[PDB]
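Quick notes on the structure that follows.
Here Cβ is always computed from backbone atoms with ideal geometry, including for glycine, and neighbour counts include all displayed protein chains. Numbers and lists here come from the model and the stated rules, or from a named source; no laboratory read-out is quoted.
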Amino acid sequence: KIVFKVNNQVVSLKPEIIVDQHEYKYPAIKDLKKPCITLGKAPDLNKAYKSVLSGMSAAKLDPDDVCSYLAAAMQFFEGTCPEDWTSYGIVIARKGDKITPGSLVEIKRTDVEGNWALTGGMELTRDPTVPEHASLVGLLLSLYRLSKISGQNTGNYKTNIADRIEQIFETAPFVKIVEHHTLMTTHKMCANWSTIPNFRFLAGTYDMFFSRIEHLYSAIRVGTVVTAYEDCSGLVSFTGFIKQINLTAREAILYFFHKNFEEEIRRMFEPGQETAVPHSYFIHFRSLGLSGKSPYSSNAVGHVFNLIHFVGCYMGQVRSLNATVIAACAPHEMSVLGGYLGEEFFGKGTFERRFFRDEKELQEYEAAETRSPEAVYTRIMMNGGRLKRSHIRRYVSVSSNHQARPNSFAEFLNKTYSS
Amino acid sequence: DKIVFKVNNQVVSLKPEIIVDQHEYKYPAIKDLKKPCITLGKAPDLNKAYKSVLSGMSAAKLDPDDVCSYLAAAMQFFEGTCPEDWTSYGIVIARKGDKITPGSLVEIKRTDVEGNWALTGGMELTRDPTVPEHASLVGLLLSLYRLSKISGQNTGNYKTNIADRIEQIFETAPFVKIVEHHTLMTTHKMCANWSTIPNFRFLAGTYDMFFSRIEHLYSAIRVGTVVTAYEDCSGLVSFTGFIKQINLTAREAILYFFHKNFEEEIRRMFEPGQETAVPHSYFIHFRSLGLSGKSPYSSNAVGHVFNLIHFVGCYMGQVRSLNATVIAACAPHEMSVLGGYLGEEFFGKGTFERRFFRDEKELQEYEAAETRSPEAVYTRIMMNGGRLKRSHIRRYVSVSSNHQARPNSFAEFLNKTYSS
Amino acid sequence: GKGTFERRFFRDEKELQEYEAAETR
């Protein structure tokens, strides 16, 4: 039982209390209603384009107006739907029907008119061309990618992505409307634009449409690529882990020898969410207004996540080496398992002859240390659940020969095993 | 079912773990018996059409739809006899001794819709342009497609070298100089995304197909359209190289592929009914033309095979393999181990036999009279338990370290993975 | 450097029961 007893003068028994709570909701859509946001009144579009360009050059933008323009602008982008496109029971778009981003979601317009005010960076006296509209649309969404990317020591990389975005949208099929270095300066005023919910929702809607439908202005995705599989890093690492190790998703979990994995394994593999479906709302469920906090986040699946990347460092994977470890979720214990698991999967492959010249040769081949969960488990038990010196040698050699990031797995490995 | 686990305490729970997936592959075969087509805006008067497009070129003004209609008219200009009968995916294009155009290989349906030819840049040719002048522009326009595709880091100096060669080609006979120098680099800077345009790819491939089969005076236009050939089939292309480097036949090589994963991939790229063996089929340019969807022959589709090929190439020190981008999804560590055993067999060893003799009698005596075999390699792997040998590591390390590792190349993977 | 590890995931219920039928922290 949880009660334990202390002998302070008289004998005393105390129960131990620690606070714990769980709050996980899943993205499946039962009402069969497409995701909706409420925006402002329909814009003048040509004038709405003018207002936001001026605001862009001036680094002052109104989030509500910018959202309203983006909802109106999702009409210029049109393409035919290759196959019937259904997610969570919704028919969205039948094969051969031309569709827009407006087709994936529901935009609710309010009677209230937007400010659509001009600042000082408008040089155009005429109505804008479509490439221009697309260039602005891409630049505005690209703010989302920049807001997310903010963090410590992420500087030269942020400017490099901003330059890459600027190079797009200045060349055909896009026209240069903002000159250079404007995107970085507006980002400084709009660095937390990701938290704005409608802006994120619009970015996901654009990304969904561009992934399924090939278009001339598909480059707009460079802003919205981040919305894809957002806040599902635990699930994504798991799929990568499975494929790099060349194990079946089930067989891999058999190697997870710990009680903690149980809650996490149930959480990330809950049925009814269209994880397998190629173009479902699941891919952008966080961007769109569904589910709230993600159960597939790395913190949500902390033990699994830590074991995946510790094995990744053992195998020299750069992605694992720079990923941030979840400290709450027992990193040391995960690291030990990762060493035993890494030893098994590093430098070893299961090879069998599958191609022969003749059927007879196949028959001759049929007439004819070991990789198994049971083998690894016993080997761990034999060493008393303690890392081997070789495991430690391998971890340190990988971590030390790397530019260890602040809270990365490499830094953890380095700080933990170094003498 | 089968693929399920038991995940609970004080109760029993069975769950199939569900993982992200998003792929299916379309094949290039032509069953409808219809040549790939993009219907074009308006029928053009040749001389008038040239003047606008020459102007647009000089103006760095991008008019893709018009450029496409002009290129179709210019296809009338290039004509040659077909050497032998031309049979493709059930579509036969001409017969031996029959004159043909690039326009005769595909079908363009002409619409009565109007289109906008603007004179934005300076053209001084008051006279009607000569056929060479047309060819010079046509080559310059197509050469944009190649320039758009070659974008990436440290490719600046490379783009410039290619543009200079193209300019030199079209300023020299049989072509005439119409754009002076350094204009091609600047227009490439203006449009670096010409490759994404679908109508542009279609045209480049059509030209490339015509020029490979038919010898012509202006066949040099093929620079810039050469990239369309076997585009997005680098997995297939890599396998072809692999066969040649090791000097084995397609089958013998596949026997060395000792892994279950290769099976799906080998079946995919060698699916029958696609004219891979045919020399001048639509297949070579299937990606560029319309008849394509993703590609069964891309490096990702044949990921395991692709990685094994380049890991072996790295073992043998092929620079191309060292600089290729590894597919992380397709089990690179396991592929690297097989590649080590396969590289060991094929690096520094050859199968040599006497084939030339002084007299027939010597030949008969030779006919009267350690081992390279898949079985021998498989056993060697089995004896070492499927674990990479120390020598394999040493060789991998020596090759990767003494090379300028590119970002996600096989060279980088080898360095990061085996380094102590 | 030490962890308490136990098999918790099995292919079938029968395998689970068998593991239940079967240095010190």
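Restricting attention to the range B:10-57, report how many residues are facing another protein chain (nearest Cβ under 10 Å) and either touching an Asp or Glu at 6+ places or on another chain (Cβ under 7 Å) or not in a loop (DSSP other than H, G, I, E, B) (or both).
Number of matching residues: 3.
Go through the range B:151-210 residue by residue and tally those that are surrounded by fewer than 20 Cβ atoms within 10 Å (Cβ to Cβ), β-branched (V, I, T), within 14 Å of chain A (Cβ to nearest Cβ) and part of a helix (DSSP H, G or I).
2
Residue check: is A:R357 within 16 Å of the chain's Cα centre (by Cα) and either assigned by CATH to the domain that holds A:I253 or more than 30 Å from B:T249 (Cβ to Cβ) (or both)?
Judged against the criteria, A:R357 is not a match.
In the range A:371-412, which residues are among the aliphatic types (A, V, I, L, M), closer than 13 Å to C:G1 by Cα and more than 14 Å from chain B (Cβ to nearest Cβ)?
Scanning the range A:371-412 gives A:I380, A:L387.
On the basis of being among the aliphatic types (A, V, I, L, M) and either touching a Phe, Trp or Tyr at 6+ places or on another chain (Cβ under 9 Å) or over 20 Å from A:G40 (Cα atoms) (or both), does A:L136 make the cut?
When the stated conditions are applied, A:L136 passes them.
Could you please let me know if A:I265 is under 30 Å from A:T378 (Cβ atoms), touching a strand residue (DSSP E or B) at 6+ places or on another chain (Cβ under 7 Å), buried (at least 23 other Cβ atoms within 10 Å of the Cβ) and not hydroxyl-bearing (S, T, Y)?
no
I'm trying to understand the selection: among the residues of the range A:242-281, which are more than 30 Å from A:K33 (Cα to Cα), outside any loop (DSSP other than H, G, I, E, B), facing chain B (nearest Cβ under 9 Å) and not aromatic (F, W, Y)?
Within the range A:242-281, A:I242, A:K243, A:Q244, A:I245, A:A249, A:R250, A:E251, A:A252, A:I253, A:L254, A:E262 qualify.
Take the residues in the range A:213-228 that are surrounded by fewer than 20 Cβ atoms within 10 Å (Cβ to Cβ) and part of a helix (DSSP H, G or I), then tell me which one is farthest from the other protein chains (Cβ to nearest Cβ).
A:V225
Hey, does the range A:301-309 have a residue that's over 19 Å from C:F10 (Cα atoms) and outside any helix (DSSP H, G or I)?
yes
Pairs, please: C-beta under 6 Å, at least 6 apart or cross-chain, first residue under 15 Å from B:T206 (Cβ atoms) and in the range B:97-115, second assigned to a loop (DSSP other than H, G, I, E, B) and of a type in the set (D, E)?
What qualifies is B:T101/B:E79.
Taking B:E231 as meeting all but one of (1) assigned to a helix (DSSP H, G or I); (2) within 30 Å of B:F77 (Cα to Cα); (3) among the acidic types (D, E), write down the number of the exception.
Checking B:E231 against (1) assigned to a helix (DSSP H, G or I); (2) within 30 Å of B:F77 (Cα to Cα); (3) among the acidic types (D, E), the one that fails is (1).
Return yes or no: is A:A368 within 14 Å of chain B (Cβ to nearest Cβ), out of contact with any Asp or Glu (no Cβ under 8 Å at 6 or more places or on another chain) and small (G, A, S)?
So A:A368 passes the test.
Would you tally the residues in the range B:364-384 being closer than 16 Å to B:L255 by Cα, part of a loop (DSSP other than H, G, I, E, B) and of a type in the set (D, E, K, R)?
1
Kindly provide the set of residues from the range A:324-352 that are in a loop (DSSP other than H, G, I, E, B) and more than 14 Å from chain B (Cβ to nearest Cβ), ordered by number.
A:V325, A:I326, A:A327, A:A328, A:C329, A:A330, listed by residue number.
Which numbered condition in (1) within 30 Å of B:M316 (Cα to Cα); (2) away from chain A (no Cβ under 14 Å); (3) out of contact with any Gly (no Cβ under 9 Å at 6 or more places or on another chain); (4) not in a helix (DSSP H, G or I) is the only one that B:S298 fails?
Against the list (1) within 30 Å of B:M316 (Cα to Cα); (2) away from chain A (no Cβ under 14 Å); (3) out of contact with any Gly (no Cβ under 9 Å at 6 or more places or on another chain); (4) not in a helix (DSSP H, G or I), B:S298 comes up short only on (3).
Quick one: count up the residues across the range B:67-118 that are part of a loop (DSSP other than H, G, I, E, B) and of a type in the set (K, R).
3
Take the residues of the range A:365-405 that are within 22 Å of B:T417 (Cα to Cα) and loosely packed, with under 11 Cβ neighbours inside 10 Å: which is farthest from the chain's Cα centre (by Cα)?
A:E369
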